[PDB]
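As provided, entry32.cif (mmCIF, C-alpha atoms and all ligand atoms) reads as follows.
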data_data
#
loop_
_atom_site.label_atom_id
_atom_site.label_comp_id
_atom_site.auth_asym_id
_atom_site.auth_seq_id
_atom_site.Cartn_x
_atom_site.Cartn_y
_atom_site.Cartn_z
CA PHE A 1263 76.93 94.27 15.73
CA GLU A 1264 76.63 94.49 19.51
CA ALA A 1265 79.02 91.57 20.06
CA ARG A 1266 76.57 90.12 22.58
CA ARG A 1267 77.08 86.70 24.16
CA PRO A 1268 75.31 84.04 22.05
CA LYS A 1269 72.44 82.06 23.60
CA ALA A 1270 73.49 78.73 22.09
CA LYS A 1271 77.14 79.42 22.91
CA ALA A 1272 79.71 76.86 21.84
CA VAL A 1273 83.04 76.07 23.47
CA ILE A 1274 86.39 76.76 21.81
CA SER A 1275 89.94 75.59 22.55
CA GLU A 1276 92.34 78.19 23.98
CA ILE A 1277 95.46 76.60 22.47
CA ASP A 1278 96.65 74.05 19.93
CA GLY A 1279 96.15 70.73 21.69
CA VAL A 1280 95.07 67.14 21.25
CA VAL A 1281 91.50 66.01 21.93
CA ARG A 1282 90.44 63.56 24.60
CA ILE A 1283 86.78 62.66 25.07
CA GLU A 1284 85.76 61.78 28.62
CA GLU A 1285 82.23 60.76 29.57
CA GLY A 1286 81.43 59.29 32.99
CA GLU A 1287 77.72 59.14 32.10
CA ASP A 1288 77.27 62.44 33.92
CA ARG A 1289 78.95 65.32 32.13
CA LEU A 1290 80.42 64.85 28.68
CA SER A 1291 83.73 66.59 29.25
CA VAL A 1292 86.25 67.03 26.46
CA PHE A 1293 89.86 67.65 27.42
CA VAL A 1294 92.25 69.53 25.16
CA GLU A 1295 95.85 68.85 26.11
CA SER A 1296 99.11 70.17 24.65
CA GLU A 1297 102.61 68.83 25.24
CA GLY A 1298 103.33 71.16 28.14
CA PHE A 1299 99.74 72.12 28.93
CA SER A 1300 96.18 70.89 29.47
CA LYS A 1301 92.66 72.02 30.27
CA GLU A 1302 89.29 70.28 30.19
CA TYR A 1303 85.90 71.65 29.17
CA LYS A 1304 82.67 70.99 31.06
CA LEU A 1305 80.10 70.13 28.40
CA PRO A 1306 76.47 68.92 28.61
CA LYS A 1307 75.64 65.48 27.15
CA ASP A 1308 73.10 67.14 24.85
CA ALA A 1309 74.90 69.45 22.40
CA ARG A 1310 77.05 67.32 20.08
CA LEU A 1311 80.72 68.25 19.74
CA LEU A 1312 82.50 68.66 16.38
CA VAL A 1313 85.81 66.98 17.23
CA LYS A 1314 86.28 63.20 17.29
CA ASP A 1315 88.47 61.65 20.02
CA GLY A 1316 92.24 61.72 19.53
CA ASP A 1317 92.05 64.50 16.95
CA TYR A 1318 94.28 67.57 16.73
CA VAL A 1319 92.85 71.03 17.40
CA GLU A 1320 93.80 74.60 16.55
CA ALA A 1321 93.72 77.79 18.63
CA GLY A 1322 90.17 79.07 19.07
CA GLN A 1323 88.82 76.12 17.07
CA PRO A 1324 85.18 75.27 17.80
CA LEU A 1325 84.76 72.06 19.82
CA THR A 1326 80.95 72.13 19.77
CA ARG A 1327 78.20 73.39 17.46
CA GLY A 1328 76.60 76.83 17.72
CA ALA A 1329 77.60 80.50 17.58
CA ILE A 1330 80.98 81.63 18.89
CA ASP A 1331 81.29 84.39 21.50
CA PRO A 1332 83.12 87.36 19.90
CA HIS A 1333 85.31 88.32 22.87
CA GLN A 1334 86.01 84.64 23.49
CA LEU A 1335 87.65 83.94 20.14
CA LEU A 1336 89.07 87.47 20.21
CA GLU A 1337 91.45 86.62 23.05
CA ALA A 1338 91.97 83.13 21.62
CA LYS A 1339 92.57 83.06 17.86
CA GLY A 1340 93.24 86.75 17.23
CA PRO A 1341 91.58 89.92 15.83
CA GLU A 1342 92.00 88.71 12.24
CA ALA A 1343 89.61 85.76 12.51
CA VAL A 1344 87.33 87.97 14.66
CA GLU A 1345 86.57 90.43 11.86
CA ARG A 1346 86.11 87.42 9.60
CA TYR A 1347 83.50 85.54 11.66
CA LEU A 1348 81.64 88.78 12.44
CA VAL A 1349 81.09 89.91 8.86
CA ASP A 1350 80.70 86.31 7.65
CA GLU A 1351 77.70 85.79 9.95
CA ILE A 1352 76.09 89.15 9.14
CA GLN A 1353 76.37 88.29 5.44
CA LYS A 1354 75.13 84.80 6.29
CA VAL A 1355 71.74 86.10 7.35
CA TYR A 1356 71.64 88.90 4.78
CA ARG A 1357 72.54 86.70 1.78
CA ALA A 1358 70.19 84.03 3.12
CA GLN A 1359 67.28 86.52 3.06
CA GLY A 1360 68.27 87.23 -0.55
CA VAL A 1361 69.79 90.68 -0.18
CA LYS A 1362 73.26 91.16 -1.67
CA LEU A 1363 75.64 93.90 -0.52
CA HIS A 1364 79.38 94.62 -0.67
CA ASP A 1365 81.44 93.56 2.37
CA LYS A 1366 83.12 97.00 2.63
CA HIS A 1367 80.20 98.63 4.42
CA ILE B 1105 84.57 107.96 8.82
CA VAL B 1106 85.51 110.06 5.79
CA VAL B 1107 87.94 109.46 2.93
CA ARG B 1108 90.86 111.77 3.69
CA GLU B 1109 94.20 110.48 2.49
CA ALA B 1110 93.81 108.99 -0.98
CA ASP B 1111 96.53 106.60 0.15
CA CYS B 1112 97.20 105.87 3.84
CA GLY B 1113 100.34 104.06 2.77
CA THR B 1114 99.97 100.75 4.58
CA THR B 1115 101.10 97.30 3.46
CA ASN B 1116 98.46 95.28 5.31
CA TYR B 1117 95.55 93.33 3.80
CA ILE B 1118 93.12 90.41 4.00
CA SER B 1119 92.69 87.49 1.60
CA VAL B 1120 89.21 86.16 0.82
CA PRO B 1121 89.01 82.60 -0.62
CA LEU B 1122 86.35 81.82 -3.21
CA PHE B 1123 85.75 78.45 -1.59
CA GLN B 1124 83.28 77.95 1.27
CA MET B 1125 83.36 74.39 2.64
CA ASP B 1126 79.98 72.66 2.53
CA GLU B 1127 79.06 71.12 5.88
CA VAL B 1128 78.05 67.44 6.16
CA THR B 1129 79.18 67.29 2.53
CA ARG B 1130 82.81 67.93 3.46
CA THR B 1131 84.13 68.72 -0.02
CA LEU B 1132 84.97 72.35 -0.76
CA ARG B 1133 83.02 74.32 -3.34
CA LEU B 1134 83.15 77.69 -5.10
CA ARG B 1135 81.26 80.57 -3.54
CA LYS B 1136 78.31 81.15 -5.87
CA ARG B 1137 78.68 84.16 -8.19
CA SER B 1138 76.84 86.89 -6.20
CA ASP B 1139 78.92 86.00 -3.11
CA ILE B 1140 82.29 86.66 -4.79
CA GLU B 1141 80.85 89.58 -6.76
CA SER B 1142 79.93 91.13 -3.43
CA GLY B 1143 83.45 90.85 -2.07
CA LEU B 1144 85.85 91.56 -4.94
CA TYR B 1145 83.94 94.15 -7.01
CA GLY B 1146 85.35 97.63 -6.58
CA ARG B 1147 88.48 96.45 -4.80
CA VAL B 1148 92.24 97.12 -5.01
CA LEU B 1149 94.85 94.35 -5.02
CA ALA B 1150 97.31 94.42 -2.14
CA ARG B 1151 99.84 92.32 -4.05
CA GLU B 1152 100.60 91.01 -7.53
CA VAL B 1153 98.60 88.08 -8.93
CA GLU B 1154 99.67 85.35 -11.36
CA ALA B 1155 97.48 82.76 -13.11
CA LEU B 1156 96.21 81.73 -16.56
CA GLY B 1157 99.13 83.66 -18.06
CA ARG B 1158 97.61 87.10 -17.54
CA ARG B 1159 99.06 89.20 -14.73
CA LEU B 1160 97.29 91.61 -12.38
CA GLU B 1161 99.45 94.59 -11.45
CA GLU B 1162 99.44 95.38 -7.73
CA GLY B 1163 97.06 98.29 -7.21
CA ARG B 1164 94.77 97.39 -10.10
CA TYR B 1165 91.10 98.19 -9.47
CA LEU B 1166 88.54 95.45 -10.07
CA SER B 1167 85.31 95.49 -12.08
CA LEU B 1168 82.72 92.86 -13.07
CA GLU B 1169 84.99 91.32 -15.73
CA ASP B 1170 87.88 91.33 -13.26
CA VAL B 1171 86.09 89.38 -10.55
CA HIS B 1172 84.72 87.02 -13.20
CA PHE B 1173 88.26 86.40 -14.46
CA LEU B 1174 89.37 85.57 -10.92
CA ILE B 1175 86.40 83.21 -10.66
CA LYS B 1176 87.51 81.37 -13.80
CA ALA B 1177 91.10 81.33 -12.51
CA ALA B 1178 89.79 79.67 -9.36
CA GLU B 1179 87.71 77.09 -11.24
CA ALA B 1180 90.80 76.15 -13.26
CA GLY B 1181 92.50 75.71 -9.89
CA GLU B 1182 95.22 78.31 -10.27
CA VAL B 1183 94.12 80.52 -7.36
CA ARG B 1184 92.19 80.42 -4.08
CA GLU B 1185 93.27 83.33 -1.88
CA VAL B 1186 92.50 86.92 -2.96
CA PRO B 1187 94.84 89.58 -1.52
CA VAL B 1188 93.01 92.92 -1.24
CA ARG B 1189 93.17 96.19 0.72
CA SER B 1190 90.44 96.16 3.37
CA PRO B 1191 88.86 99.13 5.21
CA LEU B 1192 90.23 97.41 8.33
CA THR B 1193 93.90 97.29 7.43
CA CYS B 1194 93.53 100.95 6.44
CA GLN B 1195 95.93 103.20 8.36
CA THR B 1196 94.02 106.35 7.45
CA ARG B 1197 93.20 107.84 10.82
CA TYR B 1198 89.70 109.13 11.62
CA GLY B 1199 88.60 107.82 8.23
CA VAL B 1200 89.61 105.67 5.27
CA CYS B 1201 91.51 105.90 1.97
CA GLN B 1202 90.85 105.22 -1.71
CA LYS B 1203 92.90 102.07 -2.35
CA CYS B 1204 91.60 100.53 0.90
CA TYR B 1205 88.01 101.38 0.00
CA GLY B 1206 87.30 100.89 -3.67
CA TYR B 1207 84.82 101.88 -6.33
CA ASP B 1208 82.12 104.35 -5.41
CA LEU B 1209 79.31 101.92 -6.12
ZN ZN C 1401 93.87 103.22 3.41
#
Go ahead and render the structure in this file as structure tokens.
Amino acid sequence: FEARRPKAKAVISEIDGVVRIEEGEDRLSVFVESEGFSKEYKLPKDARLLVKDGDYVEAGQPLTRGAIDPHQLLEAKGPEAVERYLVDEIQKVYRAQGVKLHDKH
Amino acid sequence: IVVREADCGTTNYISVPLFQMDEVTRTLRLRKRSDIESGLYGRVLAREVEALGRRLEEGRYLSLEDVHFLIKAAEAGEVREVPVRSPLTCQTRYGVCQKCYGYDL
């Protein structure tokens, strides 16, 4: 509700690229490169990523596990998916606890 | 936020699939009853709906039986997406509308 930066924050692609895993036994970095673009992502060897090498990615798609920063995916995927993930998580915890309520609210 | 215009007059909407993909299990599954019941009950269709031979007129309000029918229609595999008027898409300014809101619970 406060759109605060997650503690466990997970990285997300900024475009629709291809995946390239690169690990020099220091930093496990995963590049995401398009046809006319490219950018890498500095990632720690600890948190396991969700995308296997060579795979195709989508805009704002999560590369690693953990909560997604609201503003981050906002300027990536779009406002549509934003609303979605927001309410989806709130209902995640609420439904988990065993309290049902309409999404409208 | 107050209901002012009974109809804002927008065309926008959001679809809400009844299928939430199970993680580590891959294969998609139907959102258990309470989940769907909490999203489609007291709603208003944004567009026409065809499946199982019965037709849902655009602008038809939903009740328990309605959402249950959609559930069955999903299980049969005739529908997945659910076009509805959301409080978000609502163009009512400084408030909301009827069609975009729903049933007074
Ligand atoms: Zn409205």
Q: Give as a ChimeraX atom specification the residues surrounding ligand ZN 1401 (chain C) up to a distance of 7 Å, considering only C-alpha atoms and all ligand atoms.
A: /B:1111-1114,1191,1194-1196,1200-1204
List the spatial neighbours of residue 1327 in chain A as an mmCIF file with C-alpha atoms, in the frame of the given file - criterion: any atom at most 7 Å away, all atoms listed in the file, same-chain residues fewer than 5 positions off excluded.
data_model
loop_
_atom_site.group_PDB
_atom_site.id
_atom_site.type_symbol
_atom_site.label_atom_id
_atom_site.label_comp_id
_atom_site.auth_asym_id
_atom_site.auth_seq_id
_atom_site.Cartn_x
_atom_site.Cartn_y
_atom_site.Cartn_z
ATOM 1 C CA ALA A 1272 79.710 76.860 21.840
ATOM 2 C CA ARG A 1310 77.050 67.320 20.080
ATOM 3 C CA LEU A 1311 80.720 68.250 19.740
ATOM 4 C CA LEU A 1312 82.500 68.660 16.380
#
Q. For chain A against chain B, which residues fall within 8 Å using only C-alpha atoms, given as a PyMOL selection string?
A. chain A and resi 1362-1366
Q) Can you list, as an MDAnalysis selection string, every protein, DNA or RNA residue that comes within 9 Å of residue 1328 in chain A when you count only C-alpha atoms, leaving out same-chain residues fewer than 5 positions away? A) chainID A and resid 1268:1273 1309
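Between CA of residue 1336 in chain A and CA of residue 1290 in chain A lies a distance of 25.7 Å.
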